[PDB]
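Okay, structure first, notes after.
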Amino acid sequence: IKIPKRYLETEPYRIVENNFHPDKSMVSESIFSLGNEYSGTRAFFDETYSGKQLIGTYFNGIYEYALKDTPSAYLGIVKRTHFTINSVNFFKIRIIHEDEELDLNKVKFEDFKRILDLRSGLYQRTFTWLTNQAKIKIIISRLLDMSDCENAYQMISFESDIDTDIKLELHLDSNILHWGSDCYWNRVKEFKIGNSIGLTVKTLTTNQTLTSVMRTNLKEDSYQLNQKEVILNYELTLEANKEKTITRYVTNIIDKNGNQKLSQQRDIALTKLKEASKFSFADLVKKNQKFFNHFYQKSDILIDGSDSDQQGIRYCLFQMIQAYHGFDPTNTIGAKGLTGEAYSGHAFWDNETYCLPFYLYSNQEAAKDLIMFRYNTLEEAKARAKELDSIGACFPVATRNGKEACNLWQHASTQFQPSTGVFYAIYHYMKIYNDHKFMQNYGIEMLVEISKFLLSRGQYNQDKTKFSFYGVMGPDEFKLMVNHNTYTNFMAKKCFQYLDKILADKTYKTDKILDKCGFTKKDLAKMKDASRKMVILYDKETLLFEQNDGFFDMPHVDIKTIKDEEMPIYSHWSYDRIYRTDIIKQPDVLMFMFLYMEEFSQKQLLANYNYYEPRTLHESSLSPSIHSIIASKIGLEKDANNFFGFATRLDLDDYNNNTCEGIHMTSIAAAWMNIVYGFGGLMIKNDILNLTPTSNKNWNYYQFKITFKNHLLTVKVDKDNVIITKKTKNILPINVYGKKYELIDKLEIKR
Amino acid sequence: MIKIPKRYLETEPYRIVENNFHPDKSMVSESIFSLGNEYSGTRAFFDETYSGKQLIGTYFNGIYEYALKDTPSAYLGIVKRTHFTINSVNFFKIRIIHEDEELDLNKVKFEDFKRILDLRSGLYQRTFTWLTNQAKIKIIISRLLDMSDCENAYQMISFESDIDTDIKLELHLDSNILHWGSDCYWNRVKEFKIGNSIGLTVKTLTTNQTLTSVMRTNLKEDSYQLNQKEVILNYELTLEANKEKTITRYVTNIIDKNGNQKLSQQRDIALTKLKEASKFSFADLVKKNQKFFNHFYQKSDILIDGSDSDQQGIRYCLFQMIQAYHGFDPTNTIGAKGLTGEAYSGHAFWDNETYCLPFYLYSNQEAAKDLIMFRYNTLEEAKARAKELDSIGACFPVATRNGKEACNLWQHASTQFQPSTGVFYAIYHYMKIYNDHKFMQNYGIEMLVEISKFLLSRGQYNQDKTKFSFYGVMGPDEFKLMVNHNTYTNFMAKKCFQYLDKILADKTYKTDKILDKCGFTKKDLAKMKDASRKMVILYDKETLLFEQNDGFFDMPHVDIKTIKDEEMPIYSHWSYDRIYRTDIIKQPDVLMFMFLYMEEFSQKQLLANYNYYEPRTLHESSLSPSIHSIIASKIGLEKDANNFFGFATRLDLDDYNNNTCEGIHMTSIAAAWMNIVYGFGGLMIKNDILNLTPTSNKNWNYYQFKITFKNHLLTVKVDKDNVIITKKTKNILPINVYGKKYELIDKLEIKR
């Protein structure tokens, strides 16, 4: 049983820390993180702080390899992981008063307040420095520009109760360490040109370059050009109870590929910086708010009867919007977004099978770009297939640059959920948008390459009457080197049948794509044969899928017999023990059933839920929400509510005790999923939007917003009524409690 | 693929000879010409400075260190710190200088080089002529490890100059030696000179182990040095033209593997034995070693007529088996490369119990019993290992010298219980040859209860508890990982349960204080009976096949004949996971338990399983060819039997694996004897009666082997027309030959 550590104020539209909690230093850094997909910054202190901290600034796709190989005698095992790297700290300052440096870990201060405005991404930290004979009220404000994402803005104000002098230094610091251990940047240039100062830096080996420039609305008293560091010095005189303020403008221009002439990069960065400096910080808060107002009109969720859950869901939506908005078809979502170092800014199968749906119903360009990230890493997926003695495209378990970054053969050599996950993403995207051009130009190539991998890594049995995957692991990582994992075989067959439907569709031109992929008539015949002979362990009488061959007959352990002194499992059990029971980590059978809920009857879902849920430890960000969604679909209301539990609060109240490392991106997407797919009962079936709304015992009502076929729908669910509204004039047919209505303006349906 | 001979050594029946120095075989020769007396071993590294590629290697059985740093793991039951037998004092080290030119065969001019290992004495002799300035100096360097008083080593150095000249000779004890070519695993204690004796005392970094090395000679030195962890005797010699000048070095090494020996007593014991040893000439110590080898050749020598190559090989193999172990110490064991190198860390594997033991069972009861006592004396380590695997009782490790798991690959160390059933089988095999009541009462029963406790705790019931098995395991076939119902595992476990059951029901044994001390209750015995009865055994009464593991038969088929040579070895050419998801087998798994229990399986059972598993078997391990040869012989497949024998006696001499540079292959050496006596000889004990079914090696006119059963030293000669069996004992031994029961008194002459 996990517990909340409630230390933050509950407001509907803001996260507020009342007083500084030093014990929550890194938790606060994670939670108050700013992000515009292109870049992100932990809520680390601008000024020197000598306590526990993780300074983190990241650019989506700016990465390095491990400094040395982990050796291996064996092929297909990763010798060199890679990770999104700590980049220039462009919020860094130093404040000195009468030889006393501001450092909230050593100095005396009061009335400390930390604010994240979910309406604007305004991050405001306020405190009163008791320094010698002065009370100095300091307010430091920051923004990442949501539209012009290369830009960040900082405002600093001082108000002394007496006349006094201070020194403010503004730094661009590219000497930052990653893994708290090494700097992954080499110097190229530092420069001051007119009122603008900046550096150009380059990664150790990935051939990536970054130029960071700043300028302010105040003439500096001096400046410094050091190695990978530039500083503007201000000698400021404060009049008693007169506010002195400065605004810092930052532009960061990255080249992720390494072909950009650095003189163009410098000129681009300086042009954009100059343009941005023409606006007040107050007007750039408004610019950010207008961006957030569009995304709240498309997707905001109202919860009545829980101030706690209202803040949590709106915080989750804010962090989903910060993680991704379709800025770059070569960007993806990390397991912690850009909010820390743990999980290396890596994409996992979670992006396609859990994060994608939020984007499908809010932002077509976002959803499309998450799939284009994978298109644009096809070549790495093909190289990875060759590392597994296969052909086609094997999408990796963990990656930013497209190559396998997971150095555990137990997962990297056995789990093809990322490959069928990219298939699923394309399928889901086409179910929502039917984007003929994406499928013609990108989707067919991707489906053919993935199919080629599954056809080469899949094998016929001894006598060639069956096709399956041998030596695999499904989503449930407590089963290693099993045969006939139903998730693996089912999703591979779905891919085969989807590719086969697309190649038979004559509105698509396939001859050059199949020729380019090396996909022949023999291949197509093998693919049809492999689809027909795929082992699916399914029983017509019990309605059960068997998770893998031999699963039902495994030694039984009742999860209720596992003590608290014994968790997590990997910390108290011998490594091998967890594999040789019927304890499941997360949805496996229930995963493919979630992904294809519309093809399973009430009784199939009930039968599989009743076998598998009681055997599931829920040791995954993915598990509770999936179980809640299935529970709601089969009318198990108590299970549905219990699994939802603290879905909106996991980071805010640090239920996992590791929010210090960064936010939990999949758990955040899960909260939206649990509300809309779970309580909402959202399903697209025969190209018609279906709702089956059920209650959360804790809420008087909830309301969500989704777009289908260019109709922005509002769905409000209370004890008595489902209220569905839209503003378009034309009929959208919708299914509610399995009956068909024609939505024009409003439908009120009695429960 | 097909392995080829690199034949560079002369063929003689009683010696290994290198004619001329082969620089490219430098480390191969070091391995092949290794001396060992179980207590200690030395590689055949050059005594003088050698600046070519070499592995200097002196080891003491059970003198070991841990890795300097932990390999980190977030998981439990995975080894964080391996251990290994450490390079120790180099006590053969010399330096020779003539007119400021140092003897080093990688630099100097030399001619008429000859290297000799005499298989009848263990005399290791190197002769060469040093062409230095105006002088030709014939150098002979001779050495011995004492096979009886195993603390002692001897070295003799002679010089013969064609002109009057002066040379300098330095004798070193050097304990600054590296292991893994990186680090010295010894700390200084003391260097000392007491009378005509000079020596050092050193201690291991961590393991609380100490050694005293002392030397003295038959010549007053001109000077000496005591440096940190090395002592030197300096000799300023004047050579008279055509007059041989010889010196003899006596060495005594006293070790404390446990750490409770007072170092003043260690030193005094070392000096007392060094002194006693110094009374004997080198020539008399060669005769002493020959007296020891004559005894072992009278017990076990094998004659081969029609193949000088096989005659040399088999006698070389017997020589290394006698060097590896002779019952010197019940805390000593056989390493995978004996004491001939660093690779495999002087570690014991399940091979000791299931492959190496039988040679000792038929030649030397004290050696056979000591191999099992090594395991009795590492019971506590095996119990800690069972706990690391969330089990109870004793889980004997995959790889160890000190009793702790040294294998850091969970894929083997967490999955393979062949070492635990291997100790069970050794106890059983030992009792089957010697029926040693006192061994079983004082030791055996305890070991069997502890192993059974582990098997019953790591073993689990299936979902509805109608079946018992091992889940998430690996059998001897390492190409099958995290399988269920591995037949070797279940079969051998069931055999352990039934043996303990039968020993507990033998009222000539007192099984009260032992079961109590082990915590083995009437309730554990009821579980053991129920697990024994419900044990999953995938056996088809129609086909007579065992299925290697659940789902084995239905796996994707790969025909081994389609694997190209460019793809060998597999681990270097195939993606890590790929070998696991085929029906390609590394080594005997089903055929392993069928071999260990050949007496219970019919001709038809062996042929059905042989026909299914032999053609799926890659024969990777040095373990595989001999087992298949033995089973092939048993079922009348003479061509297969002879093909699988192949180069069995030559694997190290002609370096078929291309890694004899690292050390000799101990299991491969044992397997040659096994292939001859279990294979061609058809040796088998059934209902306590010795059986023979002698068949022909196509390449041999005759072969002859010697074995001891029920205190009868038996000689078995097999030619084309006759089996002749002889002994000198006066009493009747019943013996079964070609399925007929004779009473052997002095001589049996049986037509074929």
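Note that the protein sequences, when read in sequence, are chains B and A. When we follow the authors' numbering, the leftmost residue of the first sequence carries the number 2, and every step to the right adds one. When we follow the authors' numbering, the leftmost residue of the second sequence carries the number 1, and every step to the right adds one. Beta carbons are placed, not taken as given, at the ideal position from N, Cα and C, and that holds for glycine.
Annotation: Cβ neighbours of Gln-463(A) in chain B (cutoff 8 Å, chain order): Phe-553, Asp-554, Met-555, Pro-556, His-557 and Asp-583. Inter-segment contact for the stretch 197 to 210 of chain B and the stretch 94 to 110 of chain B is absent: fewer than three beta-carbon pairs are separated by less than 8 Å. In chain order, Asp-577, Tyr-580 and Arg-581 make up the part of chain A whose C-beta sits under 7 Å from the C-beta of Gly-472(B). For the stretch 403 to 414 of chain B, the beta-carbon criterion of a distance under 8 Å to any beta-carbon of chain A is satisfied by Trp-410 and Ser-414. A straight-line Cα-Cα distance of about 30 Å links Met-674(B) and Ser-414(B). For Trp-186(B), no alpha helix (DSSP H) run applies; the uninterrupted beta strand (DSSP E) run containing it begins and ends at 186 to 194, by DSSP. For the stretch 77 to 97 of chain A, the set of positions with a beta-carbon nearer than 8 Å to some beta-carbon of chain B reads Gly-77 and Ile-78 in chain order. Closest by C-alpha distance to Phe-92(B), out of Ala-505(B), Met-555(B), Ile-56(B) and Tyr-376(B), is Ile-56(B). Annotation for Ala-67(A): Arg-81 and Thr-82 place their beta carbon closer than 7 Å to its own, counting only its chain and skipping 5 residues before and after.
With respect to the 9 Å criterion, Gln-418(A) and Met-373(A) are not classified as neighbours on the basis of their beta carbons. Interface with chain B (9 Å Cβ-Cβ cutoff): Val-590(A) is excluded. In this structure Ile-664(A) touches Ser-31(A) by the C-beta definition: roughly 6 Å separates them, less than 8 Å. When secondary structure is reduced to three states using DSSP, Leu-607(A) falls in the helix class. Interface with chain B (9 Å Cβ-Cβ cutoff): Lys-467(A) is included. Residues of the stretch 476 to 499 of chain A whose Cβ lies closer than 7 Å to any Cβ of chain B, in chain order: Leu-481, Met-482 and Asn-484. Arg-315(A) counts as buried, since no fewer than 16 other beta carbons sit within 10 angstroms of its beta carbon. Going by beta carbons, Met-215(B) and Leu-274(B) fall inside the 9 Å limit.
CA-to-CA, the gap between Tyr-376(B) and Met-447(B) works out to about 7 Å.
Burial is judged here by how many other beta carbons sit within 10 angstroms of a residue's own beta carbon; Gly-472(A) has at least 16 and is buried. For the 9 Å CB-CB criterion, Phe-680(A) and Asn-691(A) do not form a contact.
Put simply, the backbone Cα of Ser-73(A) is about 41 Å away from that of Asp-540(B).
Note that the C-beta distance between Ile-514(B) and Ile-445(B) is below 9 Å. For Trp-574(A), the chain B residues whose Cβ falls inside 9 Å of its Cβ are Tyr-75, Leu-76, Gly-77 and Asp-390, in order along the chain.
With contacts defined by Cβ atoms closer than 9 Å, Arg-43(A) and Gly-346(A) do not form a contacting pair.
Sequence-distant partners of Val-677(B) (beyond 5 residues in either direction) whose C-beta falls short of 7 Å from its own C-beta, in its chain, are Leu-683, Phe-705 and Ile-707. The DSSP assignment places complete alpha helix (DSSP H) segments of no fewer than 4 residues inside the stretch 295 to 344 of chain B at 308 to 324, in order along the chain. Counting C-beta pairs closer than 8 Å gives fewer than three between the stretch 603 to 623 of chain A and the stretch 737 to 745 of chain B, which falls short of the contact rule. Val-449(A) is positioned such that its CB atom lies closer than 9 Å to that of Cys-518(A). Close CB contacts of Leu-339(B) within its chain, under the 6 Å cut and outside five residues either way in sequence, are with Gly-36, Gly-41 and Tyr-59 (chain order). In chain order, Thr-354 and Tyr-425 place their CB closer than 7 Å to the CB of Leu-596(A), counting only its own chain and leaving out the 5 sequence neighbours on each side.
One Cα belongs to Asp-589(A), the other to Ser-457(B), and the distance between them is close to 29 Å.
Cβ-Cβ distances below 8 Å link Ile-635(A) to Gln-603, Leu-606, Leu-607 and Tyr-610 in the same chain, with the five nearest sequence neighbours on each side left out; the list follows chain order. For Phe-454(A), the closest of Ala-406(A), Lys-387(A), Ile-433(A) and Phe-439(A) by C-alpha to C-alpha distance is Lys-387(A).
With its beta carbon at least 9 Å from every one in chain A, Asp-183(B) lies outside the interface. Taking 3 residues as the shortest admissible run, the stretch 635 to 723 of chain B contains the following complete beta strand (DSSP E) segments, listed from N- to C-terminal end: 684 to 686, 689 to 692, 702 to 709 and 712 to 718. In the three-state reduction of the DSSP assignment, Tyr-430(A) falls in the helix class.
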